[PDB]
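A.B. asks:
Structure (structure tokens):
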């Protein structure tokens, strides 16, 4: 939950009523949230004439600091108490703190979904198909009469947006062993659930 | 009803059929056959000539000896799967038709080697990769065509991965700037701090 | 009484129904399950389920005995039984009948 | 005292659905059934389902269970041919307990409607494991001369083959090997005819 | 269905009838050796040295006898059919009995050898499963995302191939439910009729 000096200075500046009023603070916070969230953003986030009286340098430094703080809080799954305590240590009032908490609560779910969508994973299977046959003969073998099982797995790789299929051939004994293995896995999951 | 050494599930059919085949032997010879298969699991090695000689008295053919060894390994591993003890396994085996003498004889050796077996099973469990080793080199650049004067360092890393036992190791190579190296080290330390509180 | 149950279960142990070696259950489950498996392993014309579980209630057991009495004659049973007689545990009426099924299986 | 086509023990998916669909109207159910059918031909129809859920104020946890129940029920129903599954037994198994009377008509219409041929046709296409031949082109040459032989005069065949997997193969094939291949194909045709004959005679007794 | 022999192949069987059964048994043993330990024409040199017998016709006879054995075991035809077939070769009744017995005693091993000539397809060998739950990442620190790791082993034409996968509890339940249906058809009337009326 560590923070850098520049973010600390930005949040120090954010408290001053001379630099920001309630409306400017709310607009900056909402602009930061929109920039973090929306996928079709532009410079329009700061093109709101109400903010056109302060130096852009401090404006954008505090914008970056607020975005960083929101990102860190979302990553660490912070709650009301932690944000309130840190903001109180930043020389805030009971109005700015309340509005910050409310803005965090309004679109918390989207931020929680966003950071959980980063990363890779092993291929995830989706379904199976099977064909049942009755082997009869080969070129160098003329009487077998043994059932055999054909299997086909449907998997999708997060690395490549495609649906490659894995195919293998099983006999009855192999199929029974495979089903037993999967049933053991299911029973292990149930054991975990009971505890 | 059901048994516990099979994970609180009905005992399979093949083990039931073949335990009787196991029961048509001598207890002392079992004390050596089970020892051989248990050592095979432990990684010492298996001498199939030894087991064939030991069971040569009963003229057991390929199928019977095959089933006997399979049952020994299966049942011992299943009992060690849930940390089951000798006293319960002996009773459960008695419920399976194996005479009390054979249950005592087998549990004499099973009860006295469970710890090495279980630790080896923990070590030899499912895994995808493992970092065999690591090597590094540091470079200090002085001058370049792109920039006349640089005076900054660089880090080279190599990671060696063993994807399976008795497999060649495929090395990994990469070149890093100082910033990426430092951030990687910090993130690794964070992961270790998070990952050392689970014990 | 067990002097004959020992023999019949020993025959069924070595007849491909090694489940008869279990301990703690009544003879009914073991013998009826062995007969049920034997009638199907030989695989005559069967079109009705003989599924049951150990220590089943009558609500399914009597009906299942009705179906087995329905199917058994259709599979060319050498000896005739009566629906009320099967619940009677008439092992004397079961000793010769299982000779055909055991060897056929 | 019959065994349902849906397995000896009813899967939890359909059993739970029985209680869920007891309050839904007929129109929303019909729309969901249409969406499920459209899914069985391989089309993507997620967005329409999401719109329906939004419109009807339905939690995803219930819509998913309902969809799974319908899909599994229909998949198990369509495996058998209409000869092995009569409507009588169908609605008798569908027995009112936890079931509406007005939905079984829709179930029968979808199963026994004009869409059944399409479902069987696509269902028939699910029974394939290995690639099928896509095309076959050849070219026969007559070698007249060679570096290692002034006059060869050896007929030869060049073969190219493509498969549904996207694989392309090109290779030579001498005459004797071609004769072996032709004899093997003829023998396979003969044995396939033998099996076709035996199927009717050895299973209608 | 019946070994209605070819004329050209029969001509190569003319060496044995002019040879006593004492060496015909040795030739049959040599055929078994050729199947199992492989063929070595140097054995022709050894036979010539130890018997002063031409190598070409001995090779013809051994190959013809081996071919007869292979196509006789390839069909599992009954003994009466075999006796009818060899009645045309003008062979002694003792030699006919020796041939029939030699064919009879080595059918299962041959059919085990021949089964490796069919097209090689991917085949299941073993399966391993591990259960894990994701707890942290570089973007989220407190998470619960359970998943099932699977390592599937397949054999293709004698090699070992491995696949690494992943799945969730609901998908695993669906897999088990479907595969249970897969091995429930073989207990039904249609499969029973198909597998019974054929043999």
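Residue numbers (the entry's author numbering), protein chains in the order written: chain C, 1 to 195; chain D, 1 to 199; chain N, 23 to 127; chain E, 20 to 224; chain B, 1 to 199.
Positions of the beta carbon are idealized from the N, C-alpha and C atoms, including for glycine.
Would you check if the distance between the CB atom of residue 128 (chain C) and the CB atom of residue 166 (chain B) is smaller than 7 Å?
C.D. replies: Contact flag unset, no.
A.B. asks: Among B:140, B:185, B:74 and B:195, whose alpha-carbon lies nearest the alpha-carbon of residue 26 (chain E)?
C.D. replies: Out of B:140, B:185, B:74 and B:195, B:185 has the C-alpha closest to the C-alpha of residue 26 (chain E).
A.B. asks: With burial defined as no fewer than 16 other Cβ atoms inside 10 Å of the residue's Cβ, what is the status of residue 129 (chain B): buried or exposed?
C.D. replies: Buried: at least 16 other Cβ atoms inside 10 Å.
A.B. asks: Give a yes or no on whether the minimum CB-CB distance between residue 94 (chain C) and chain E is below 7 Å.
C.D. replies: No, residue 94 (chain C) does not count as interfacial toward chain E.
A.B. asks: At the 7 Å Cβ level, is residue 25 (chain B) part of the contact set with chain D, yes or no?
C.D. replies: Judged by the 7 Å Cβ criterion, residue 25 (chain B) is not in contact with chain D.
A.B. asks: Please identify the residue among E:194, E:81, E:143 and E:188 whose C-alpha is closest to the C-alpha of residue 99 (chain E).
C.D. replies: Out of E:194, E:81, E:143 and E:188, E:143 has the C-alpha closest to the C-alpha of residue 99 (chain E).
A.B. asks: For a minimum of 4 consecutive residues, which ranges assigned as the alpha helix (DSSP H) are wholly contained in the stretch 59-141 of chain D?
C.D. replies: DSSP runs (the alpha helix (DSSP H)) wholly in the stretch 59-141 of chain D: 62-81, 86-95, 100-110 and 114-123.
A.B. asks: Using the rule of at least 16 other Cβ atoms within 10 Å of the residue's Cβ for burial, across every protein chain shown, is residue 57 (chain B) buried or exposed?
C.D. replies: It counts as exposed.
A.B. asks: If I follow the unbroken alpha helix (DSSP H) through residue 134 (chain C), where does it start and stop?
C.D. replies: It is not in any alpha helix (DSSP H) - residue 134 (chain C) instead sits in the beta strand (DSSP E) that spans 124-135.
A.B. asks: From D:106, D:158, D:143 and D:66, pick the residue whose C-alpha is nearest to that of residue 171 (chain D); which is it?
C.D. replies: Ranking the options by Cα distance to residue 171 (chain D), first place goes to D:158.
A.B. asks: Where DSSP assigns a beta bridge to residue 164 (chain B), which residues make up the other side?
C.D. replies: B:151.
A.B. asks: Check whether the Cβ of residue 132 (chain C) lies closer than 7 Å to any Cβ atom in chain B.
C.D. replies: Chain B contact via Cβ: present.
A.B. asks: Identify the continuous alpha helix (DSSP H) that holds residue 39 (chain N) and give its terminal residues.
C.D. replies: Premise fails: residue 39 (chain N) is in no alpha helix (DSSP H) and is neither H nor E.
A.B. asks: Give every residue of the same chain whose Cβ lies closer than 7 Å to the Cβ of residue 86 (chain D), excluding the five residues on either side of it in the sequence, and list them in chain order.
C.D. replies: Around residue 86 (chain D): 107, 110 and 111.
A.B. asks: Chain N beta carbons: is any one of them nearer than 7 Å to that of residue 89 (chain D)?
C.D. replies: By this cut-off, residue 89 (chain D) is not an interface position.
A.B. asks: Which parts of the stretch 60-118 of chain B are runs of the alpha helix (DSSP H), unbroken and 4 residues or longer, counting only runs that do not cross its ends?
C.D. replies: Counting whole runs of 4 or more residues, the stretch 60-118 of chain B contains the alpha helix (DSSP H) stretches 79-86, 93-105 and 107-114.
A.B. asks: List, in chain order, every chain C residue whose beta-carbon is nearer than 7 Å to that of residue 61 (chain E).
C.D. replies: By Cβ distance, chain C contributes nothing, its closest Cβ being about 11 Å from residue 61 (chain E), past 7 Å.
A.B. asks: With 7 Å as the C-beta to C-beta threshold (strictly closer), list the residues of the stretch 90-115 of chain D near chain N in chain order.
C.D. replies: Taking 7 Å as the Cβ-Cβ cut-off against chain N, the residues of the stretch 90-115 of chain D that qualify are 95 and 97.
A.B. asks: On the criterion of 16 or more Cβ atoms from any shown chain inside 10 Å, does residue 4 (chain B) qualify as buried, or is it exposed?
C.D. replies: Classification for residue 4 (chain B): exposed.
A.B. asks: Buried or exposed: which applies to residue 74 (chain B), given that a residue is buried once 16 or more other Cβ atoms fall within 10 Å of its Cβ?
C.D. replies: Residue 74 (chain B) comes out buried.
A.B. asks: Which chain C residues sit within Cβ distance under 8 Å of residue 7 (chain D)?
C.D. replies: The contacting residues are 184 and 187.
A.B. asks: Is it true that the stretch 177-193 of chain E meets the stretch 152-168 of chain E, where meeting means three or more beta-carbon pairs spaced less than 8 Å apart?
C.D. replies: Yes, the stretch 177-193 of chain E touches the stretch 152-168 of chain E.
A.B. asks: Counting only runs that start and end within the stretch 135-202 of chain E, where is the alpha helix (DSSP H) found for 4 or more residues in a row?
C.D. replies: 135-143, all fully within the stretch 135-202 of chain E.
A.B. asks: Ignore the nearest five residues each way along the sequence and tell me which others in residue 19 (chain C)'s own chain have a CB closer than 8 Å to its CB.
C.D. replies: Only 13, 54 and 58 meet the Cβ criterion.
A.B. asks: Please work out which residues of its chain come closer than 8 Å, Cβ to Cβ, to residue 46 (chain C), disregarding the five sequence neighbours upstream and downstream, and give them in chain order.
C.D. replies: The answer, listed in chain order, is 31, 56, 59, 60 and 63.
A.B. asks: Sort N:62, N:109, N:35 and N:39 by Cα distance to residue 99 (chain N) and report the nearest one.
C.D. replies: With distances taken between Cα atoms, residue 99 (chain N) lies closest to N:62.
A.B. asks: Using 8 Å for Cβ pairs, my map puts residue 31 (chain B) next to residue 69 (chain B). What's the rounded Cβ distance?
C.D. replies: At roughly 6 Å, the Cβ-Cβ gap stays under 8 Å, so residue 31 (chain B) and residue 69 (chain B) are in contact.
A.B. asks: Who are the neighbours of residue 194 (chain B) on chain E, taking C-beta pairs under 8 Å?
C.D. replies: Within chain E, the residues near residue 194 (chain B) are 222.
A.B. asks: Residue 120 (chain D) and residue 42 (chain D): beta carbons closer than 7 Å?
C.D. replies: Yes, these two residues count as a Cβ contact at 7 Å.
A.B. asks: Between C:138, C:185 and C:160, which lies nearest to residue 117 (chain B) when the distance is taken from Cα to Cα?
C.D. replies: With distances taken between Cα atoms, residue 117 (chain B) lies closest to C:138.
A.B. asks: Residues of the stretch 166-189 of chain D in Cβ contact with chain B at a cutoff of 8 Å, in chain order, please.
C.D. replies: Residues passing the 8 Å Cβ filter: 187.
A.B. asks: Report all residues from its chain with a CB closer than 6 Å to the CB of residue 156 (chain B); omit the five preceding and five following residues, and keep chain order.
C.D. replies: Cβ neighbours of residue 156 (chain B) beyond the five flanking positions: 122.
A.B. asks: Can you pull the chain D residues whose beta carbon is under 9 Å from the beta carbon of residue 46 (chain N), in chain order?
C.D. replies: Residues of chain D passing the Cβ test: 1 and 95.
A.B. asks: Should residue 174 (chain B) and residue 153 (chain B) be called a contact, given that it needs their Cβ atoms to be closer than 7 Å?
C.D. replies: No, Cβ-Cβ distance for residue 174 (chain B) and residue 153 (chain B) is not below 7 Å.
A.B. asks: Among the residues of its own chain, which have a CB less than 8 Å from the CB of residue 79 (chain D), if the five just before and after it don't count?
C.D. replies: Excluding positions up to five away in sequence, the list reads 5, 89 and 110.
A.B. asks: Taking C-beta pairs closer than 7 Å, name the residues in chain E that residue 178 (chain C) reaches, listed in chain order.
C.D. replies: Those within 7 Å of residue 178 (chain C) in chain E number zero; the least Cβ separation is about 17 Å.
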